[PDB]
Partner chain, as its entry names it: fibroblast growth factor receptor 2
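The data below hold one chain only, encoded as C-alpha cells and taken in the form solved without its partner chain.
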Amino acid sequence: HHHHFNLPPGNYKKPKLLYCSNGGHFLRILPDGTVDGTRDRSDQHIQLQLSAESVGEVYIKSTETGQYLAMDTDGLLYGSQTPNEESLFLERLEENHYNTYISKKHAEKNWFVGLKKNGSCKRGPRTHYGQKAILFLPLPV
C-alpha cells in the first residue's frame, strides 16, 4: 500500500452521480469512449454504477452504455468495453468528507480521477493530493 485506508461510507447497491465540487460537473462517459463532465443532470451518460472488486477497489461503469471508466498509460481517462486492470480505482475518503478515486494500476504515481472547472478531465500526472479537481460527492440518481 502506498495509500491510506480511510474509506468513505456508503454502498454500491444503487447507481450514482459523481459530482465534482471543483466546477460542479458530473463525471460523464460518452458513447465514443470520451470522458468529461457536465452540469446537465438530465444527461444520460452521467449515471454510474460502482462495484467493488476487493475492499476499497471499485469499477465505475456507465449504466447507459456499459463502458467501464479506465485510465491509460499516459494518464488519460477513457471508457472501456470490458473491465481491465486499467479500470480499477482505489475509492478513498478525503478531507473527512469527499470521495476520491486513484488509478490502481498507477497508484504509486498518485494519478487521480479529476475534473477541471471547465468540465474537461484531468490527465493523471496533472493530478495530486490537495486539488479540488479530485474531490467527488456521490449523489443518488
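Positions refer to the first chain, counted from 1.
**Q** Tell me which stretch, 78-86 or 98-106, has the higher mean Cα B-factor listed in the entry.
**A** Stretch with the higher mean C-alpha B-factor: 78-86.
**Q** Is the mean CA B factor in the deposited entry higher across 89-97 or across 36-44?
**A** 36-44 has the higher mean C-alpha B-factor.
**Q** For the CA B factor values reported in this entry, which option in 30, 69, 27, 55 has the top one?
**A** Highest C-alpha B-factor among the listed options: 30.
**Q** Please say which third, lowest, middle or highest, residue 13 falls into when its CA temperature factor is compared across its chain.
**A** For residue 13, the deposited C-alpha B-factor lands in the highest third.
**Q** When the deposited Cα B-factors of this chain's modelled residues are ordered and cut into thirds, is residue 118 in the lowest, the middle or the highest one?
**A** Its C-alpha B-factor belongs to the middle third of this chain's values.
Missing here is the form solved in complex with its partner chain; even so, the following discussion is about that form.
**Q** Given that the partner is absent here, does residue 64 sit within 4.5 Å of its partner chain in the entry with it bound, heavy atoms only?
**A** Heavy-atom contact with its partner chain at 4.5 Å: absent for residue 64.
**Q** Classify residue 72 as contacting or not contacting its partner chain in the entry with it bound by the rule of any non-hydrogen atom within 4.5 angstroms, answering yes or no.
**A** Residue 72: no, not in contact with its partner chain in the entry with it bound.
**Q** Residue 91 versus its partner chain, in the entry with it bound: is there a non-hydrogen atom within 4.5 Å?
**A** Yes, residue 91 is a contact residue.
**Q** Counting only non-hydrogen atoms and a 4.5 angstroms cut-off, does residue 98 reach its partner chain in the entry with it bound?
**A** Output for residue 98 is yes: heavy atoms within 4.5 Å of its partner chain.
**Q** Does anything in 41-55 come within 4.5 Å of its partner chain in the entry with it bound by heavy atoms, and if so which residues, in order?
**A** Result: 41, 55.
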